[PDB]
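First comes the structure, then the notes that go with it.
Ideal geometry is used to build each Cβ from the backbone, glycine not excepted, and the neighbour counts take in all protein chains shown. Here, each number is a calculation from the coordinates, and none is a lab measurement.
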Amino acid sequence: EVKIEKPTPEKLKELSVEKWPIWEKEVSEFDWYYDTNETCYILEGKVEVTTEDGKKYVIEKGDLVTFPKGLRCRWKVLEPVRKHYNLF
């Protein structure tokens with residue numbers, strides 16, 4: 001379960017995501033393994049994620065996304081991505 005929501009302004013505010021590090025990626029496709037839990041706020045872009053077990057999600061600008069520890073998936077970056085991210 002990749003969890004995805006359009007966060008309220010308050011939730012976003014209280015997480016102080018603008019202090020989180022920034023990661024960017026050009027159009028590309030690659031496997032990823034989540035060593036830790038990870039929450040990402042998408043500033044720009046569009047990505048199709050397919051998990052090891054075949055589940056499919058799209059994440060795009062304005063989404064708050066949480067990836068669980070131990071998830072193996074493949075990212076397909078369709079529009080260049082910019083995000084704030086917090087490992088936990």
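Can you name the residue in region 22-45 that is under 20 Å from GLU79 (Cβ atoms) and aromatic (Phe, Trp, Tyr) and is also surrounded by the most Cβ atoms within 10 Å (Cβ to Cβ) among such residues?
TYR41
Restricting to region 49-61, name every residue that is among the acidic types (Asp, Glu) and surrounded by 15 or more Cβ atoms within 10 Å (Cβ to Cβ).
The one that is among the acidic types (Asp, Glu) and surrounded by 15 or more Cβ atoms within 10 Å (Cβ to Cβ): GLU60.
Say we look at region 5-21 and pick out the residues that are outside any loop (DSSP other than H, G, I, E, B) and loosely packed, with under 11 Cβ neighbours inside 10 Å; which of these is nearest to the chain's Cα centre (by Cα)?
Ranking the qualifying residues of region 5-21, first place goes to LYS19.
If you check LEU71 against the conditions, is it surrounded by 15 or more Cβ atoms within 10 Å (Cβ to Cβ), out of contact with any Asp or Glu (no Cβ under 8 Å at 6 or more places or on another chain), touching a residue at least 40 places away in the same chain (Cβ under 8 Å) and not small (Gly, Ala, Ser)?
no
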